[PDB]
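Heads up: the sequence shown runs through residues 137 to 318, numbered per the working numbering.
For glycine and all other residues, C-beta sits at the position ideal for the given N, C-alpha and C.
Structure first, commentary second.
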Amino acid sequence: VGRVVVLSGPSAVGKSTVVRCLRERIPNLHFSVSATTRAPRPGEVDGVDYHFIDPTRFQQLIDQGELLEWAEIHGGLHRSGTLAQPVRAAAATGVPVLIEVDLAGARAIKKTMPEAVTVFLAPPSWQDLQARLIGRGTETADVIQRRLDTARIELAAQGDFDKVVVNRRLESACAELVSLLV
Ligand SMILES: Nc1nc2c(ncn2[C@@H]2O[C@@H](COP(=O)(O)O)[C@@H](O)[C@H]2O)c(=O)[nH]1
């Protein structure tokens with residue numbers, strides 16, 4: 137059986153370069169391909185970038201328990217979520233699976249698939265994360281204040297996760313995740 141790992145973290149502790157490292161380091165890693173009810177953009181491939189389905193199908197899948205998690209996107213412009221079947225079929229074939237989702241999606245997946253390992257990718261310190269949120273200072277005080285507030289709420293509940301990987305350095309955070317996946 138392949139391990140299923142669910143990778144989450146703060147709304148912006150930066151996860152896309154970590155994900156890219158992982159897919160580079162594990163040759164046959166299955167990166168979960170989400171279902172969505174929005175339209176393809178040019179260059180998006182059905183089955184690779186998303187499984188493109190229609191609102192009616194999506195509701196059918198919700199009703200039959202075929203989603204590990206789903207959410208309304210942009211206040212309900214459309215819907216996205218993680219399909220259960222590809223994840224289970226890949227693991228049964230022996231391929232390792234990575235699901236990358238926001239904290240609400242990680243929380244939902246632990247209920248629908250308890251044997252998934254949940255990983256919270258933590259910053260090496262508060263000041264490290266705060267520096268990154270202030271960034272180039274091109275946002276207003278109110279926006280920055282909201283980001284810092286959001287970040288502390290999210291940080292406060294990393295305890296709910298099976299594992300905390302501290303992102304001290306790309307290579308060792310990536311190494312820790314490889315060890316979990318294979
Ligand atoms: N809950 C959930 N949200 C997703 C999923 N896939 C993408 N999203 C959310 O919707 C996305 C919008 O990205 P886009 O539509 O530009 O690919 C991101 O904000 C992402 O957090 C998913 O599988 N489940």
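Once you ignore the five residues that flank residue i on each side, which residues in its own chain have a CB closer than 7 Å to its CB?
i: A227; result: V137, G138, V140, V233
i: residue 321; result: The displayed coordinates of the chain run from 137 to 318. Any statement about residue 321 would go beyond what the structure contains.
i: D190; result: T173
Measure the beta-carbon distance from residue i to residue j and round it to whole angstroms, keeping in mind my assumption that it falls under 8 Å.
i: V154; j: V169; result: In fact, because the Cβ distance is near 18 Å, the residues do not count as touching under 8 Å.
i: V255; j: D285; result: About 24 Å separates the two Cβ atoms, so there is no contact after all.
i: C310; j: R159; result: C310 to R159, Cβ: 10 Å. No contact.
i: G145; j: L257; result: 4 Å
i: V231; j: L316; result: Contact flag wrong, Cβ pair sits at about 15 Å.
i: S152; j: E290; result: Contact doesn't hold; Cβ gap of about 17 Å is too wide.
Going by Cα to Cα distance, which pick from the options is closest to residue i?
i: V237; options: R282, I162, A171, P178; result: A171
i: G150; options: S315, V314, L269; result: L269
i: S261; options: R304, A292, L239, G271; result: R304
i: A293; options: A148, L313, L306, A240; result: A240
Within its chain, find whatever has a CB closer than 8 Å to the CB of residue i; leave out the 5 residues flanking it on each side and keep chain order.
i: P176; result: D182, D185, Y186, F188
Around the Cβ of residue i, are there at least 16 other Cβ atoms within 10 angstroms (buried) or fewer (exposed)?
i: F167; result: exposed
i: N164; result: exposed
i: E251; result: exposed
i: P259; result: buried
i: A244; result: buried
i: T276; result: exposed
i: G295; result: exposed
With a CB to CB cut of under 6 Å and the five nearest residues on each side skipped, what residues in its chain are close to residue i?
i: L197; result: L203
Residue list, Cβ distance to ligand 1 heavy atoms smaller than 7 Å: Having a Cβ closer than 7 Å to some heavy atom of ligand 1 are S170, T172, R174, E205, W206, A207, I209, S216, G217, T218, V237, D238, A240, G241.
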